[PDB]
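**Student:** Protein chains in written order, with PDB author numbering: chain W, 204 to 254; chain A, 153 to 203. Where a beta carbon is used, it is the ideal one built from N, C-alpha and C, also for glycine.
1. Would residue 190 of chain A be called buried (16 or more neighbouring beta carbons within 10 Å of its own) or exposed?
2. By DSSP, does residue 167 of chain A sit in helix, in strand, or in coil?
3. Should residue 210 of chain W and residue 164 of chain A be called a contact, given that it needs their Cβ atoms to be closer than 8 Å?
4. Please identify, using Cβ separations under 7 Å, the residues of the region 208-219 of chain W that lie next to chain A, in order along the chain.
5. Would you list the residues sitting across from residue 157 of chain A in a DSSP beta bridge?
6. Would you identify the three-state DSSP class for residue 216 of chain W, choosing helix, strand or coil?
7. Does the region 163-180 of chain A come within contact of the region 193-201 of chain A, defined as at least 3 CB pairs closer than 8 Å?
8. Consult DSSP for residue 193 of chain A and reduce its assignment to one of helix, strand or coil.
Here you go:
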């Protein structure tokens, strides 16, 4: 019906949804990996301090 | 029915195309004017009118 202009049915809404969706994926993955950093360095302090 | 193309992997990066010919298309007054300007291509007034 349309591919540019209606802002709901016109390729641009859609591709934007895909874009920011994938960026939500990115952001959360960064959070998870940040947690993994904290847990690695955390086990290091635990293991050596505990030692 | 703009025969657009899509190019960019992002939004709006499209092309516009224009395709208009037909056997009923001839001298572009605005359109098929009358017996002339489209329909000498179709009806070909050279029957005996041209005599």
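**Tutor:** So, from the data block:
1. buried
2. strand
3. no
4. 214, 215, 218 and 219
5. A/167
6. helix
7. yes
8. helix
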